[PDB]
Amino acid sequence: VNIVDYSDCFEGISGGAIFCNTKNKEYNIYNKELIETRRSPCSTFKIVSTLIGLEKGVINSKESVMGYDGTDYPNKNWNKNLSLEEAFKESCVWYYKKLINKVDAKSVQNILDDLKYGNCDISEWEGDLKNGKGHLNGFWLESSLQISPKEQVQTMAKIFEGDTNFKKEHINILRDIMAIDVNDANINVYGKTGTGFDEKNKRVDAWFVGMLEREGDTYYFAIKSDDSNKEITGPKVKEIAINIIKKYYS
């Protein structure tokens, strides 16, 4: 366990980072207190919900569709019968809500328990209804389910090192759709952003979680901001993570 200083890359935004190489158990941590604090995963839960849907047969391939019903949405790309790969890349809420609502709660509870997915609390299944967004809500979006950045990294490692019961075929679909292009052919980066606002603490939950492969070494990582500035989003935190990877992990 190495405590490190990545503040240069955070460019004044409050947050922390953890990178872990499980082959030589090296654990690089910036802002340990934040890295150990559980927060709503927000859209980073799509990593796990994709695997749940694949395992239960609700979806089967990166082509699979959820039967778009014509409902009007402000994001252009949500207004079509999009595939798993597009719904993941566009963070299409209706697709992933329809997906998860086809799965019984006990199956979800047992998968989260097996993964040690934070507090594994799905009690508020329908999410944070007081925000007025109705069916665009769920237990994983600023609601009952909470996970720390360290736990995210531990979950990512278990999945992608092949230590869960999920099918290898399904792991590879998720690998495929999380691949990121960082304009550096010598590292393979995979990840997913998440964005939420913690109304109780008046701080953002801005995430970028994933993994990095560079010549034999694999690093599992989670970068997290808790800034009070509402302009700090998951996409912004992904920028920060990419700066860290290029400066320290190239």
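All residue numbers are counted from 1 along the displayed sequence.
The stretch 220-228 shows the higher mean C-alpha B-factor when 42-50 is compared against 220-228 in the entry. Once the C-alpha B-factors are averaged per stretch, 21-29 and 232-240 rank with 21-29 first. When all modelled residues of the chain are sorted by CA temperature factor, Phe197 is found within the highest third. Looking at the C-alpha B-factors along this chain, the one for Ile35 belongs to the middle third. Ranked within its chain, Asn165 lands in the highest third, by CA B factor from the PDB record.
Split the chain's modelled residues into thirds by C-alpha temperature factor. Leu212 is in the highest one.
The PDB entry assigns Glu55 a C-alpha temperature factor belonging to the middle third of its chain's modelled residues.
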